[PDB]
>>> print(open('coords.pdb').read())   # PDB, N, CA and C atoms
ATOM      1  N   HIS S   1      64.710 246.681-140.983
ATOM      2  CA  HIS S   1      65.551 246.880-139.773
ATOM      3  C   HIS S   1      64.928 247.920-138.841
ATOM      4  N   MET S   2      64.468 247.457-137.673
ATOM      5  CA  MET S   2      63.843 248.321-136.666
ATOM      6  C   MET S   2      62.449 248.781-137.108
ATOM      7  N   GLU S   3      62.399 249.683-138.091
ATOM      8  CA  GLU S   3      61.130 250.200-138.599
ATOM      9  C   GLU S   3      61.208 250.452-140.104
ATOM     10  N   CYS S   4      60.190 249.992-140.834
ATOM     11  CA  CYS S   4      60.142 250.165-142.285
ATOM     12  C   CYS S   4      58.925 250.994-142.698
ATOM     13  N   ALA S   5      59.169 252.258-143.060
ATOM     14  CA  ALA S   5      58.102 253.171-143.480
ATOM     15  C   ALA S   5      57.008 253.273-142.415
ATOM     16  N   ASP S   6      57.254 254.101-141.398
ATOM     17  CA  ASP S   6      56.296 254.284-140.312
ATOM     18  C   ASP S   6      56.097 255.763-139.989
ATOM     19  N   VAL S   7      54.843 256.210-140.057
ATOM     20  CA  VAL S   7      54.498 257.599-139.764
ATOM     21  C   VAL S   7      53.558 257.673-138.558
ATOM     22  N   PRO S   8      54.124 257.805-137.341
ATOM     23  CA  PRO S   8      53.340 257.882-136.098
ATOM     24  C   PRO S   8      52.303 259.005-136.117
ATOM     25  N   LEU S   9      51.037 258.621-136.284
ATOM     26  CA  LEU S   9      49.931 259.576-136.316
ATOM     27  C   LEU S   9      48.650 258.928-135.795
ATOM     28  N   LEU S  10      48.134 257.959-136.552
ATOM     29  CA  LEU S  10      46.918 257.241-136.173
ATOM     30  C   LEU S  10      46.970 255.792-136.665
ATOM     31  N   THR S  11      48.065 255.104-136.338
ATOM     32  CA  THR S  11      48.253 253.711-136.737
ATOM     33  C   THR S  11      48.920 252.918-135.613
ATOM     34  N   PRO S  12      48.195 252.705-134.497
ATOM     35  CA  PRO S  12      48.717 251.971-133.335
ATOM     36  C   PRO S  12      49.070 250.526-133.678
ATOM     37  N   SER S  13      50.368 250.229-133.685
ATOM     38  CA  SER S  13      50.849 248.889-134.006
ATOM     39  C   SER S  13      52.099 248.534-133.199
ATOM     40  N   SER S  14      52.278 247.236-132.944
ATOM     41  CA  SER S  14      53.428 246.737-132.186
ATOM     42  C   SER S  14      54.756 247.244-132.756
ATOM     43  N   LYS S  15      54.823 247.415-134.079
ATOM     44  CA  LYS S  15      56.045 247.896-134.728
ATOM     45  C   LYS S  15      56.450 249.274-134.198
ATOM     46  N   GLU S  16      55.461 250.139-133.948
ATOM     47  CA  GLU S  16      55.731 251.479-133.425
ATOM     48  C   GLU S  16      56.262 251.406-131.994
ATOM     49  N   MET S  17      55.679 250.513-131.189
ATOM     50  CA  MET S  17      56.103 250.336-129.801
ATOM     51  C   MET S  17      57.528 249.790-129.737
ATOM     52  N   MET S  18      57.861 248.893-130.670
ATOM     53  CA  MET S  18      59.196 248.302-130.733
ATOM     54  C   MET S  18      60.258 249.380-130.932
ATOM     55  N   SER S  19      59.996 250.310-131.857
ATOM     56  CA  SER S  19      60.931 251.400-132.132
ATOM     57  C   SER S  19      61.010 252.354-130.940
ATOM     58  N   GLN S  20      59.856 252.611-130.312
ATOM     59  CA  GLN S  20      59.775 253.491-129.144
ATOM     60  C   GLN S  20      60.796 253.092-128.078
ATOM     61  N   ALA S  21      60.781 251.814-127.695
ATOM     62  CA  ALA S  21      61.705 251.296-126.687
ATOM     63  C   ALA S  21      63.158 251.468-127.123
ATOM     64  N   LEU S  22      63.458 251.055-128.357
ATOM     65  CA  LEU S  22      64.809 251.160-128.909
ATOM     66  C   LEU S  22      65.293 252.612-128.922
ATOM     67  N   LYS S  23      64.406 253.525-129.326
ATOM     68  CA  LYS S  23      64.725 254.952-129.395
ATOM     69  C   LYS S  23      65.085 255.523-128.023
ATOM     70  N   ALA S  24      64.336 255.123-126.993
ATOM     71  CA  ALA S  24      64.579 255.608-125.635
ATOM     72  C   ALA S  24      65.794 254.931-124.999
ATOM     73  N   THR S  25      66.057 253.680-125.387
ATOM     74  CA  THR S  25      67.186 252.926-124.849
ATOM     75  C   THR S  25      68.529 253.521-125.289
ATOM     76  N   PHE S  26      68.598 253.991-126.541
ATOM     77  CA  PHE S  26      69.823 254.594-127.085
ATOM     78  C   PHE S  26      70.468 255.574-126.099
ATOM     79  N   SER S  27      69.686 256.542-125.611
ATOM     80  CA  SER S  27      70.188 257.536-124.654
ATOM     81  C   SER S  27      70.744 256.871-123.392
ATOM     82  N   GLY S  28      70.136 255.753-122.987
ATOM     83  CA  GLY S  28      70.593 255.036-121.806
ATOM     84  C   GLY S  28      71.817 254.167-122.073
ATOM     85  N   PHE S  29      72.293 254.157-123.325
ATOM     86  CA  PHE S  29      73.460 253.363-123.694
ATOM     87  C   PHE S  29      74.739 254.152-123.448
ATOM     88  N   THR S  30      74.823 255.348-124.039
ATOM     89  CA  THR S  30      75.993 256.214-123.874
ATOM     90  C   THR S  30      76.302 256.450-122.394
ATOM     91  N   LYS S  31      75.257 256.498-121.564
ATOM     92  CA  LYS S  31      75.423 256.694-120.125
ATOM     93  C   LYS S  31      76.181 255.518-119.511
ATOM     94  N   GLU S  32      75.986 254.334-120.093
ATOM     95  CA  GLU S  32      76.654 253.125-119.635
ATOM     96  C   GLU S  32      78.027 252.996-120.294
ATOM     97  N   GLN S  33      78.095 253.339-121.586
ATOM     98  CA  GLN S  33      79.344 253.278-122.347
ATOM     99  C   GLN S  33      80.437 254.114-121.686
ATOM    100  N   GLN S  34      80.038 255.199-121.026
ATOM    101  CA  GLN S  34      80.989 256.068-120.335
ATOM    102  C   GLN S  34      81.323 255.513-118.949
ATOM    103  N   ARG S  35      80.336 254.878-118.318
ATOM    104  CA  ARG S  35      80.510 254.289-116.992
ATOM    105  C   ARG S  35      81.432 253.066-117.040
ATOM    106  N   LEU S  36      81.316 252.273-118.109
ATOM    107  CA  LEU S  36      82.122 251.063-118.280
ATOM    108  C   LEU S  36      83.331 251.303-119.188
ATOM    109  N   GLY S  37      83.161 252.157-120.199
ATOM    110  CA  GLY S  37      84.239 252.435-121.139
ATOM    111  C   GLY S  37      83.980 251.844-122.521
ATOM    112  N   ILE S  38      82.839 251.157-122.676
ATOM    113  CA  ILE S  38      82.463 250.541-123.950
ATOM    114  C   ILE S  38      82.445 251.575-125.077
ATOM    115  N   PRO S  39      83.206 251.330-126.162
ATOM    116  CA  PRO S  39      83.269 252.248-127.307
ATOM    117  C   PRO S  39      81.998 252.210-128.157
ATOM    118  N   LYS S  40      81.861 253.190-129.051
ATOM    119  CA  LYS S  40      80.691 253.286-129.922
ATOM    120  C   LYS S  40      80.757 252.271-131.068
ATOM    121  N   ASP S  41      81.973 251.945-131.515
ATOM    122  CA  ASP S  41      82.164 250.988-132.603
ATOM    123  C   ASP S  41      82.150 249.549-132.077
ATOM    124  N   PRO S  42      81.292 248.688-132.663
ATOM    125  CA  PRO S  42      81.159 247.278-132.257
ATOM    126  C   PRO S  42      82.341 246.399-132.673
ATOM    127  N   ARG S  43      83.065 246.792-133.725
ATOM    128  CA  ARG S  43      84.218 246.011-134.184
ATOM    129  C   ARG S  43      85.366 246.085-133.177
ATOM    130  N   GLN S  44      85.478 247.218-132.478
ATOM    131  CA  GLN S  44      86.524 247.401-131.471
ATOM    132  C   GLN S  44      86.014 247.031-130.073
ATOM    133  N   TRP S  45      85.175 245.995-130.008
ATOM    134  CA  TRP S  45      84.622 245.521-128.743
ATOM    135  C   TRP S  45      85.325 244.243-128.298
ATOM    136  N   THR S  46      85.127 243.858-127.040
ATOM    137  CA  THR S  46      85.714 242.625-126.527
ATOM    138  C   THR S  46      84.666 241.835-125.742
ATOM    139  N   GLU S  47      85.045 240.668-125.219
ATOM    140  CA  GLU S  47      84.116 239.826-124.460
ATOM    141  C   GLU S  47      83.389 240.627-123.379
ATOM    142  N   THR S  48      84.122 241.502-122.689
ATOM    143  CA  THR S  48      83.541 242.327-121.634
ATOM    144  C   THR S  48      82.474 243.272-122.191
ATOM    145  N   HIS S  49      82.847 244.059-123.206
ATOM    146  CA  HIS S  49      81.918 245.011-123.827
ATOM    147  C   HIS S  49      80.683 244.301-124.384
ATOM    148  N   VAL S  50      80.898 243.126-124.977
ATOM    149  CA  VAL S  50      79.812 242.329-125.545
ATOM    150  C   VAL S  50      78.815 241.907-124.466
ATOM    151  N   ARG S  51      79.338 241.306-123.395
ATOM    152  CA  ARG S  51      78.518 240.832-122.284
ATOM    153  C   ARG S  51      77.921 241.997-121.500
ATOM    154  N   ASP S  52      78.752 242.986-121.168
ATOM    155  CA  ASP S  52      78.283 244.153-120.425
ATOM    156  C   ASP S  52      77.144 244.849-121.171
ATOM    157  N   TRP S  53      77.218 244.844-122.507
ATOM    158  CA  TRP S  53      76.172 245.457-123.321
ATOM    159  C   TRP S  53      74.919 244.587-123.272
ATOM    160  N   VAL S  54      75.041 243.343-123.753
ATOM    161  CA  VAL S  54      73.933 242.382-123.727
ATOM    162  C   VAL S  54      73.157 242.480-122.413
ATOM    163  N   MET S  55      73.878 242.396-121.293
ATOM    164  CA  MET S  55      73.267 242.488-119.968
ATOM    165  C   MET S  55      72.501 243.803-119.819
ATOM    166  N   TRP S  56      73.151 244.904-120.202
ATOM    167  CA  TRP S  56      72.540 246.230-120.138
ATOM    168  C   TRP S  56      71.276 246.290-121.004
ATOM    169  N   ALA S  57      71.323 245.649-122.178
ATOM    170  CA  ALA S  57      70.180 245.623-123.092
ATOM    171  C   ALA S  57      69.018 244.822-122.500
ATOM    172  N   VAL S  58      69.341 243.897-121.592
ATOM    173  CA  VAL S  58      68.330 243.074-120.936
ATOM    174  C   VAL S  58      67.605 243.892-119.864
ATOM    175  N   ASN S  59      68.326 244.842-119.260
ATOM    176  CA  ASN S  59      67.760 245.710-118.231
ATOM    177  C   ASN S  59      66.970 246.865-118.857
ATOM    178  N   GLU S  60      67.405 247.320-120.037
ATOM    179  CA  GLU S  60      66.738 248.422-120.734
ATOM    180  C   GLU S  60      65.371 247.994-121.269
ATOM    181  N   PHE S  61      65.304 246.778-121.819
ATOM    182  CA  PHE S  61      64.057 246.250-122.372
ATOM    183  C   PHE S  61      63.453 245.159-121.481
ATOM    184  N   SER S  62      64.000 244.987-120.266
ATOM    185  CA  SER S  62      63.524 243.956-119.338
ATOM    186  C   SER S  62      63.312 242.630-120.072
ATOM    187  N   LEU S  63      64.360 242.172-120.759
ATOM    188  CA  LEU S  63      64.297 240.934-121.529
ATOM    189  C   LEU S  63      64.509 239.710-120.638
ATOM    190  N   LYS S  64      64.433 238.522-121.239
ATOM    191  CA  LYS S  64      64.616 237.275-120.499
ATOM    192  C   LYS S  64      64.919 236.104-121.437
ATOM    193  N   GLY S  65      65.657 235.119-120.921
ATOM    194  CA  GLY S  65      66.004 233.946-121.708
ATOM    195  C   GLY S  65      67.332 234.068-122.446
ATOM    196  N   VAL S  66      67.932 235.263-122.445
ATOM    197  CA  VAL S  66      69.203 235.478-123.132
ATOM    198  C   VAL S  66      70.380 235.052-122.258
ATOM    199  N   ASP S  67      71.362 234.400-122.875
ATOM    200  CA  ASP S  67      72.543 233.936-122.160
ATOM    201  C   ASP S  67      73.802 234.628-122.679
ATOM    202  N   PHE S  68      74.805 234.741-121.811
ATOM    203  CA  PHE S  68      76.070 235.380-122.173
ATOM    204  C   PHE S  68      77.112 234.346-122.614
ATOM    205  N   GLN S  69      76.814 233.054-122.419
ATOM    206  CA  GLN S  69      77.727 231.986-122.827
ATOM    207  C   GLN S  69      77.895 231.995-124.346
ATOM    208  N   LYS S  70      76.776 232.173-125.055
ATOM    209  CA  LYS S  70      76.773 232.234-126.514
ATOM    210  C   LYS S  70      77.518 233.472-127.016
ATOM    211  N   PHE S  71      77.455 234.564-126.244
ATOM    212  CA  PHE S  71      78.123 235.810-126.617
ATOM    213  C   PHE S  71      79.456 235.976-125.882
ATOM    214  N   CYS S  72      80.143 234.861-125.620
ATOM    215  CA  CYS S  72      81.432 234.899-124.933
ATOM    216  C   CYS S  72      82.566 235.087-125.943
ATOM    217  N   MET S  73      82.568 236.244-126.606
ATOM    218  CA  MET S  73      83.581 236.561-127.609
ATOM    219  C   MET S  73      83.706 238.074-127.794
ATOM    220  N   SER S  74      84.736 238.495-128.526
ATOM    221  CA  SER S  74      84.968 239.915-128.780
ATOM    222  C   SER S  74      84.012 240.452-129.847
ATOM    223  N   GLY S  75      83.946 241.779-129.955
ATOM    224  CA  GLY S  75      83.074 242.421-130.925
ATOM    225  C   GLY S  75      83.382 242.011-132.353
ATOM    226  N   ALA S  76      84.671 241.963-132.698
ATOM    227  CA  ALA S  76      85.097 241.567-134.040
ATOM    228  C   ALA S  76      84.489 240.219-134.431
ATOM    229  N   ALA S  77      84.429 239.300-133.465
ATOM    230  CA  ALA S  77      83.861 237.974-133.692
ATOM    231  C   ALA S  77      82.341 238.051-133.815
ATOM    232  N   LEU S  78      81.719 238.785-132.888
ATOM    233  CA  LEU S  78      80.268 238.964-132.870
ATOM    234  C   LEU S  78      79.764 239.533-134.199
ATOM    235  N   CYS S  79      80.449 240.559-134.709
ATOM    236  CA  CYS S  79      80.075 241.182-135.979
ATOM    237  C   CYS S  79      80.298 240.217-137.144
ATOM    238  N   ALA S  80      81.420 239.492-137.103
ATOM    239  CA  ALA S  80      81.757 238.520-138.145
ATOM    240  C   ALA S  80      80.700 237.417-138.246
ATOM    241  N   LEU S  81      80.086 237.077-137.109
ATOM    242  CA  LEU S  81      79.058 236.037-137.059
ATOM    243  C   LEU S  81      77.852 236.378-137.938
ATOM    244  N   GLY S  82      77.452 237.650-137.940
ATOM    245  CA  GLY S  82      76.304 238.068-138.725
ATOM    246  C   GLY S  82      75.001 237.977-137.946
ATOM    247  N   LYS S  83      73.922 238.487-138.538
ATOM    248  CA  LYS S  83      72.602 238.470-137.900
ATOM    249  C   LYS S  83      72.141 237.047-137.578
ATOM    250  N   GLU S  84      72.116 236.180-138.594
ATOM    251  CA  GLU S  84      71.680 234.790-138.415
ATOM    252  C   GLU S  84      72.427 234.098-137.273
ATOM    253  N   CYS S  85      73.758 234.187-137.269
ATOM    254  CA  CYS S  85      74.559 233.561-136.218
ATOM    255  C   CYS S  85      74.257 234.182-134.856
ATOM    256  N   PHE S  86      74.160 235.513-134.817
ATOM    257  CA  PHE S  86      73.861 236.231-133.580
ATOM    258  C   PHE S  86      72.477 235.848-133.054
ATOM    259  N   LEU S  87      71.509 235.730-133.968
ATOM    260  CA  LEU S  87      70.144 235.358-133.604
ATOM    261  C   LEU S  87      70.099 233.929-133.056
ATOM    262  N   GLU S  88      71.047 233.095-133.493
ATOM    263  CA  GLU S  88      71.141 231.713-133.022
ATOM    264  C   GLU S  88      71.743 231.660-131.612
ATOM    265  N   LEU S  89      72.509 232.698-131.254
ATOM    266  CA  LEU S  89      73.141 232.785-129.937
ATOM    267  C   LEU S  89      72.146 233.263-128.875
ATOM    268  N   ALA S  90      71.225 234.140-129.281
ATOM    269  CA  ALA S  90      70.218 234.679-128.369
ATOM    270  C   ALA S  90      68.830 234.127-128.688
ATOM    271  N   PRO S  91      67.891 234.222-127.727
ATOM    272  CA  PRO S  91      66.513 233.746-127.908
ATOM    273  C   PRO S  91      65.865 234.256-129.198
ATOM    274  N   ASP S  92      64.747 233.629-129.560
ATOM    275  CA  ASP S  92      63.995 233.984-130.763
ATOM    276  C   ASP S  92      63.362 235.377-130.674
ATOM    277  N   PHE S  93      63.285 235.948-129.466
ATOM    278  CA  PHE S  93      62.673 237.269-129.309
ATOM    279  C   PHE S  93      63.714 238.351-129.010
ATOM    280  N   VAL S  94      64.424 238.199-127.887
ATOM    281  CA  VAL S  94      65.443 239.170-127.471
ATOM    282  C   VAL S  94      66.567 239.307-128.504
ATOM    283  N   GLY S  95      66.906 238.200-129.175
ATOM    284  CA  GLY S  95      67.961 238.218-130.179
ATOM    285  C   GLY S  95      67.776 239.312-131.221
ATOM    286  N   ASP S  96      66.521 239.578-131.586
ATOM    287  CA  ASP S  96      66.204 240.609-132.577
ATOM    288  C   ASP S  96      66.569 242.002-132.066
ATOM    289  N   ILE S  97      66.161 242.305-130.830
ATOM    290  CA  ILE S  97      66.440 243.606-130.216
ATOM    291  C   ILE S  97      67.939 243.891-130.177
ATOM    292  N   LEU S  98      68.697 242.965-129.590
ATOM    293  CA  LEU S  98      70.146 243.114-129.478
ATOM    294  C   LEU S  98      70.783 243.391-130.838
ATOM    295  N   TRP S  99      70.530 242.525-131.823
ATOM    296  CA  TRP S  99      71.090 242.717-133.162
ATOM    297  C   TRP S  99      70.588 244.023-133.789
ATOM    298  N   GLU S 100      69.379 244.453-133.433
ATOM    299  CA  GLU S 100      68.834 245.701-133.963
ATOM    300  C   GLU S 100      69.747 246.869-133.578
ATOM    301  N   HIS S 101      69.933 247.064-132.271
ATOM    302  CA  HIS S 101      70.789 248.134-131.757
ATOM    303  C   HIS S 101      72.263 247.845-132.061
ATOM    304  N   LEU S 102      72.639 246.565-131.999
ATOM    305  CA  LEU S 102      74.014 246.146-132.272
ATOM    306  C   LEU S 102      74.416 246.499-133.702
ATOM    307  N   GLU S 103      73.510 246.257-134.654
ATOM    308  CA  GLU S 103      73.780 246.558-136.057
ATOM    309  C   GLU S 103      73.870 248.069-136.263
ATOM    310  N   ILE S 104      73.078 248.817-135.485
ATOM    311  CA  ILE S 104      73.083 250.276-135.552
ATOM    312  C   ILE S 104      74.481 250.810-135.241
ATOM    313  N   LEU S 105      75.122 250.219-134.229
ATOM    314  CA  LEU S 105      76.477 250.604-133.834
ATOM    315  C   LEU S 105      77.444 250.446-135.008
ATOM    316  N   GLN S 106      77.243 249.382-135.790
ATOM    317  CA  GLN S 106      78.078 249.101-136.955
ATOM    318  C   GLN S 106      77.898 250.174-138.029
ATOM    319  N   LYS S 107      76.644 250.409-138.421
ATOM    320  CA  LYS S 107      76.323 251.410-139.440
ATOM    321  C   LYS S 107      76.749 252.809-138.989
ATOM    322  N   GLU S 108      76.432 253.149-137.739
ATOM    323  CA  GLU S 108      76.783 254.454-137.177
ATOM    324  C   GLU S 108      78.301 254.637-137.126
ATOM    325  N   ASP S 109      79.008 253.575-136.743
ATOM    326  CA  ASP S 109      80.465 253.604-136.653
ATOM    327  C   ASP S 109      81.078 252.660-137.684
ATOM    328  N   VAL S 110      81.071 253.087-138.948
ATOM    329  CA  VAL S 110      81.618 252.280-140.041
ATOM    330  C   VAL S 110      83.077 251.904-139.775
ATOM    331  N   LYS S 111      83.355 250.594-139.801
ATOM    332  CA  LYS S 111      84.700 250.063-139.563
ATOM    333  C   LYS S 111      85.106 250.218-138.094
TER
END
>>> encode(input="coords.pdb", output="structure tokens")
Amino acid sequence: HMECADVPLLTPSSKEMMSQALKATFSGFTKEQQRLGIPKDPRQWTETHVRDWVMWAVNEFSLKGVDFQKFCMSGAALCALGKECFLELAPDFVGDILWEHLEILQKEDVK
């Protein structure tokens, strides 16, 4: 999930760059969560928070090909779907990023 055993020193790899973006995006999330009202816990989310986030995640990582029609549901539903289901809703590339940070919200905010 995100990064598995990585020590940034002298090992330039795409995996390190992937975490870099995610790490910097986090700070840009709370700034939006306060502007829109989106809570930290993904289970207490709704269609608006889901879409507003997805869209925001597309601007943070300049993603493309992701649709909000597939994510037209509340957080409780999105979480219930699981990684596989969520990955089926979003593209083969962007889907990973969203679920990466999305899953973090779950672990960070248990229940």
>>> closest_residue(input="coords.pdb", among="S:46, S:25, S:11, S:20", to="residue 58 of chain S", atoms="only C-alpha atoms")
S:25
>>> resolve_selection(input="coords.pdb", expression="the PyMOL selection byres ((chain S and resi 2) around 8)", output="list in words")
residues 1, 3, 4, 5, 15, 16, 18, 19, 100 and 101 of chain S
>>> write_last_selection(input="coords.pdb", atoms="N, CA and C atoms", output="mmCIF file, keeping the file's coordinate frame")
data_model
loop_
_atom_site.group_PDB
_atom_site.id
_atom_site.type_symbol
_atom_site.label_atom_id
_atom_site.label_comp_id
_atom_site.auth_asym_id
_atom_site.auth_seq_id
_atom_site.Cartn_x
_atom_site.Cartn_y
_atom_site.Cartn_z
ATOM 1 N N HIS S 1 64.710 246.681 -140.983
ATOM 2 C CA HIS S 1 65.551 246.880 -139.773
ATOM 3 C C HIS S 1 64.928 247.920 -138.841
ATOM 4 N N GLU S 3 62.399 249.683 -138.091
ATOM 5 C CA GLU S 3 61.130 250.200 -138.599
ATOM 6 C C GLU S 3 61.208 250.452 -140.104
ATOM 7 N N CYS S 4 60.190 249.992 -140.834
ATOM 8 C CA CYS S 4 60.142 250.165 -142.285
ATOM 9 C C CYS S 4 58.925 250.994 -142.698
ATOM 10 N N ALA S 5 59.169 252.258 -143.060
ATOM 11 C CA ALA S 5 58.102 253.171 -143.480
ATOM 12 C C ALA S 5 57.008 253.273 -142.415
ATOM 13 N N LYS S 15 54.823 247.415 -134.079
ATOM 14 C CA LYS S 15 56.045 247.896 -134.728
ATOM 15 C C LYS S 15 56.450 249.274 -134.198
ATOM 16 N N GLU S 16 55.461 250.139 -133.948
ATOM 17 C CA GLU S 16 55.731 251.479 -133.425
ATOM 18 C C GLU S 16 56.262 251.406 -131.994
ATOM 19 N N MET S 18 57.861 248.893 -130.670
ATOM 20 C CA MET S 18 59.196 248.302 -130.733
ATOM 21 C C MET S 18 60.258 249.380 -130.932
ATOM 22 N N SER S 19 59.996 250.310 -131.857
ATOM 23 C CA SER S 19 60.931 251.400 -132.132
ATOM 24 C C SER S 19 61.010 252.354 -130.940
ATOM 25 N N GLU S 100 69.379 244.453 -133.433
ATOM 26 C CA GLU S 100 68.834 245.701 -133.963
ATOM 27 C C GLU S 100 69.747 246.869 -133.578
ATOM 28 N N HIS S 101 69.933 247.064 -132.271
ATOM 29 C CA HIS S 101 70.789 248.134 -131.757
ATOM 30 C C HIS S 101 72.263 247.845 -132.061
#
>>> atom_distance(input="coords.pdb", atom1="atom CA of residue 78 of chain S", atom2="atom CA of residue 63 of chain S")
19.7 Å
>>> atom_distance(input="coords.pdb", atom1="atom N of residue 64 of chain S", atom2="atom N of residue 29 of chain S")
17.6 Å
>>> resolve_selection(input="coords.pdb", expression="the PyMOL selection byres ((chain S and resi 65-70) around 6.5)", output="VMD selection string")
chain S and resid 51 63 to 64 71 to 73 89 to 91
>>> residues_around(input="coords.pdb", residues="residue 105 of chain S", least_positions_apart="5", cutoff="8 Å", atoms="all atoms listed in the file", output="list in words")
residues 40, 41, 42, 43, 99, 100, 110 and 111 of chain S
>>> write_last_selection(input="coords.pdb", atoms="N, CA and C atoms", output="PDB file, keeping the file's coordinate frame")
ATOM      1  N   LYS S  40      81.861 253.190-129.051  1.00  0.00           N
ATOM      2  CA  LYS S  40      80.691 253.286-129.922  1.00  0.00           C
ATOM      3  C   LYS S  40      80.757 252.271-131.068  1.00  0.00           C
ATOM      4  N   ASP S  41      81.973 251.945-131.515  1.00  0.00           N
ATOM      5  CA  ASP S  41      82.164 250.988-132.603  1.00  0.00           C
ATOM      6  C   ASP S  41      82.150 249.549-132.077  1.00  0.00           C
ATOM      7  N   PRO S  42      81.292 248.688-132.663  1.00  0.00           N
ATOM      8  CA  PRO S  42      81.159 247.278-132.257  1.00  0.00           C
ATOM      9  C   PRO S  42      82.341 246.399-132.673  1.00  0.00           C
ATOM     10  N   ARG S  43      83.065 246.792-133.725  1.00  0.00           N
ATOM     11  CA  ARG S  43      84.218 246.011-134.184  1.00  0.00           C
ATOM     12  C   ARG S  43      85.366 246.085-133.177  1.00  0.00           C
ATOM     13  N   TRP S  99      70.530 242.525-131.823  1.00  0.00           N
ATOM     14  CA  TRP S  99      71.090 242.717-133.162  1.00  0.00           C
ATOM     15  C   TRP S  99      70.588 244.023-133.789  1.00  0.00           C
ATOM     16  N   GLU S 100      69.379 244.453-133.433  1.00  0.00           N
ATOM     17  CA  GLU S 100      68.834 245.701-133.963  1.00  0.00           C
ATOM     18  C   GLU S 100      69.747 246.869-133.578  1.00  0.00           C
ATOM     19  N   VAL S 110      81.071 253.087-138.948  1.00  0.00           N
ATOM     20  CA  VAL S 110      81.618 252.280-140.041  1.00  0.00           C
ATOM     21  C   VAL S 110      83.077 251.904-139.775  1.00  0.00           C
ATOM     22  N   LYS S 111      83.355 250.594-139.801  1.00  0.00           N
ATOM     23  CA  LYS S 111      84.700 250.063-139.563  1.00  0.00           C
ATOM     24  C   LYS S 111      85.106 250.218-138.094  1.00  0.00           C
TER      25      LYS S 111
END
>>> atom_distance(input="coords.pdb", atom1="atom CA of residue 85 of chain S", atom2="atom N of residue 62 of chain S")
22.3 Å
>>> closest_residue(input="coords.pdb", among="S:21, S:80, S:75, S:6", to="residue 38 of chain S", atoms="only C-alpha atoms")
S:75
>>> select_by_dssp(input="coords.pdb", residues="chain S", states="helix (DSSP H, G or I)", output="count of residues only")
67
>>> closest_residue(input="coords.pdb", among="S:88, S:97, S:37, S:74", to="residue 50 of chain S", atoms="all atoms listed in the file")
S:74
>>> closest_residue(input="coords.pdb", among="S:61, S:82, S:103, S:36", to="residue 49 of chain S", atoms="only N, CA and C atoms")
S:36
